[PDB]
Amino acid sequence: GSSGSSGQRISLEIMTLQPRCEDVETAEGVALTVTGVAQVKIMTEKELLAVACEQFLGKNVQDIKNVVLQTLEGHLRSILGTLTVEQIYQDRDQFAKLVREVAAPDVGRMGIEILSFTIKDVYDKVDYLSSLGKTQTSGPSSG
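Residues numbered from 1 in each chain as written, not as in the entry; some residues may be left out. Heavy atoms only, no water.

Determination of this PDB entry was carried out by solution NMR, according to the record.

From N to C terminus, the protein chain includes five helices and six strands. Relative to the globule expectation of 15 Å for 143 residues, the C-alpha radius of gyration of the protein chain, 19 Å, shows a markedly less compact shape. Principal-axis analysis of the C-alpha atoms gives the protein chain an extent of 75 × 35 × 20 Å. Within the protein chain, the proportion of its 143 residues that are buried is 31%. (Helix = DSSP H or I, 4+ residues; strand = E, 2+ residues; numbered from the N terminus. Rg over C-alpha atoms; globule rule 2.2 N^0.38 Å. Buried < 20%, exposed > 50% of the residue type's maximum accessible area, 1.4 Å probe, protein only.)

The strand order across the open sheet formed by three strands is β1-β4-β5, and the pairing between neighbours is antiparallel. The strands lining the two open edges of the sheet, one partner per strand, are β1 (15-17) and β5 (112-118). Adjacent strand axes in the sheet meet at a mean angle of 25°, parallel and antiparallel pairs treated alike. Looking at chain direction, β1 and strand β4 (residues 37-42) are connected through three bridges and run antiparallel. Note on β4: the bridge partner recorded for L17 is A38. (Pairing = 2+ DSSP bridges. Axes fitted to C-alpha atoms, helices over the stretch in contact; angles between N-to-C directions.)

Let's shift gears to a nonpolar patch on the surface. Together, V126, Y128 and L132 line one region of the surface with nonpolar side chains, adding up to about 310 Å² of accessible area. Along the chain, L132 falls in helix α5 (residues 128-132). Among the residues examined, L132 registers a relative accessible area of 54% and is labelled exposed. (Patch = residues over 30% accessible without salt bridge, like charges linked within 9 Å, V, L, I, M, F, W, Y side chains within 5 Å. Areas by Shrake-Rupley, 256 points an atom, 1.4 Å probe, with all protein chains shown as cover. Salt bridge = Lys/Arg side-chain N within 4 Å of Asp/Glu carboxyl O.)

Another aspect to go through is unusual backbone geometry. Positioned with a positive phi, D23 is a non-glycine residue whose angle comes to about 70°. Looking at the element boundaries, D23 is found in strand β2 (residues 21-25). Residue class for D23 comes out exposed when judged on its relative accessible area of 63%. For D127, which is not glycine, the phi dihedral falls at a positive 50°. Along the polypeptide, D127 turns up in the loop between β6 (122-123) and α5.

Another aspect to go through is helix α4 (residues 92-107). Across its 16 residues, α4 extends 22 Å between first and last C-alpha, which sits within 8% of the 22 Å expected from 1.5 Å per residue. Among the residues of α4, those classed as buried are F95, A96, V99, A103, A104, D106 and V107. (Expected span 1.5 Å × (residues − 1).)

This is the structure in structure tokens:
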């Protein structure tokens, strides 16, 4: 599946990058699939934005979105590794907050600022959890 969009100029407009990762064994050791969804945009410098401008000048829109997307993406995995399969689902809103909180002060190196970070869908390709199907059960007790 190839892409095709007319445009021979940088697109300052806000860029929508979805930091998704597959086959990322959680803290315990369970590979999960997180789509993730975050928005980003180019930053301006009243002085000189040659740090991001020259870094995007000449390249192709796709390239840019990739570079930026990578920064966030990578982080996700790192934050997903230290986080188990529970902590994640339990408080997803937080998980994303970390990926953005850790990448926020990072993208500032290239010249990009993050707007927001959220989670789209988190499923397990190995269908491990599903198979287990967590359900309320009953059990006997002595006293």
